[PDB]
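Here you get one chain, nothing else, as structure tokens; it is the form deposited in one PDB entry.
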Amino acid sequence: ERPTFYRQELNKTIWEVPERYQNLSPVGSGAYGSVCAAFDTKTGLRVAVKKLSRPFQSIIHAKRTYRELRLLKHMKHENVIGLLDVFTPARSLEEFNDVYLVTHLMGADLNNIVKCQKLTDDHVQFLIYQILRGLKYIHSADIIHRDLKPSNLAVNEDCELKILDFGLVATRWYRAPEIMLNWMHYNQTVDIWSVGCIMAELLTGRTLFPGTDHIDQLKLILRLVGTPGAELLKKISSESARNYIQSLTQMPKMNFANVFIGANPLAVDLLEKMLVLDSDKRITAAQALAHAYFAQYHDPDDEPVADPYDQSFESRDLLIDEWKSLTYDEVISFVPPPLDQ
């Protein structure tokens, strides 16, 4: 049966939510919606409530809305953001024009933490372990995140971490070189690249590759990791890309031990493995969890994999009303997870 809703305006946005959620307080905005912190009276915990902006504005928005709901309904892992609740104030499909999502409030991200801070090795171990543990799960569902950066890593006062969906500086800074090149057959290790860039920054206090644009970004990456060797060169189909790359002044892969000088040598070894230029040679999330850098955290029996995830809708070309109806179906069928201390 339907709960009682109440309406309010927060920052020129209307929020209509069940009375169970109290003390809404805006925390930010992330392209596809706005977020408020709230108090969940049913559990006594603080939650983040996201209101999707214009969910059915176009086929793109409608499919994006469906995609996010499907993804968040599927993610059930300690280090990945999932759903406590999904609701709409709409009492019918024709009424349906707003989607709210709720998750447990972590309360900060790594954008907030990195800033004015170099971290000790022990905290970097724990943070990056958690990221990799979440990534192992995501990758096992044959999902690629594609946009991992500090703002997409939500962290609580205990330094427990969950991977966000979408977060609240430059995104290109964390992006794999093959994506800057525009390769359409990139793999899951694009996310491993991002984690390498994030880990590097946590250890040093500086952006590993602060490119001003995609070209600058590629150039900074190749200065650290070297211009492509022959094995990699042969895998590049594009004539313009290969002409460009091979016309650059050719560069050796740097010794990372020299670059990340003060760092724990196990940290440098993992970084070398994460940031190999040829993506076919980069370490996987599962492999990284078994690396000696994480010896004090790694438990192979507590690093679970995801249930099968149906991404077939991704190929489909549907009407806005069809995406809308499917999303509505997904809201109605939502089963919350159980309360457990």
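Just so we're on the same page, rigid core means the largest C-alpha set that superposes within 1.5 Å between forms. Note that residue numbering begins at 1 and tracks the sequence as displayed.
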Exercise. Counting only other entries that model residues on either side of residue 169, is it left out in at least a third?
Worked result: yes
Exercise. Relative to the other PDB entries of this protein in the set, is residue 116 coordinate-less in at least a third?
Worked result: yes
Exercise. According to the entry, are there none, 1 to 3, 4 to 9, or 10 or more residues of the deposited sequence without coordinates between residue 168 and residue 169?
Worked result: 10 or more
For this session: Identify the stretch, either 107-115 or 264-272, whose C-alpha atoms have the larger mean B-factor according to the entry.
Result: 107-115
Exercise. Looking at the entry, does 116-124 or 68-76 show the higher mean C-alpha B-factor?
Worked result: 116-124
Problem set entry | B-factor third for the C-alpha atom of residue 259 within its chain | highest
Seminar exercise, completed: Tertile call for residue 61 (CA temperature factor, within chain, third-based) is the middle
For this session: Consider only the C-alpha atoms of the modelled residues in this chain, order them by B-factor as the entry records it, and name the third containing residue 249: lowest, middle or highest.
Result: highest
For this session: Pull the Cα B-factor of residue 31 out of the PDB entry and bin it into the chain's lowest, middle or highest third.
Result: highest
Exercise. Lowest, middle or highest third: where is residue 235 by Cα B-factor in its chain?
Worked result: lowest
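One more form of this protein, deposited in another entry, exists but is not displayed; see below.
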Seminar exercise, completed: Looking at 266, 224, 90, 144 between the shown form and the other one with the core superposed, the single C-alpha displaced by 2 Å or more is at 90
Problem set entry | Core-superposed C-alpha of residue 282 shifting 2 Å or more between the shown form and the other one | no
Exercise. Honestly, after the rigid core fit, is residue 70 moving at least 2 Å at Cα between the shown form and the other one?
Worked result: no
For this session: Tell me, please, whether between the shown form and the other one the C-alpha of residue 59 is shifted by 2 Å or more, with the rigid core used for superposition.
Result: yes
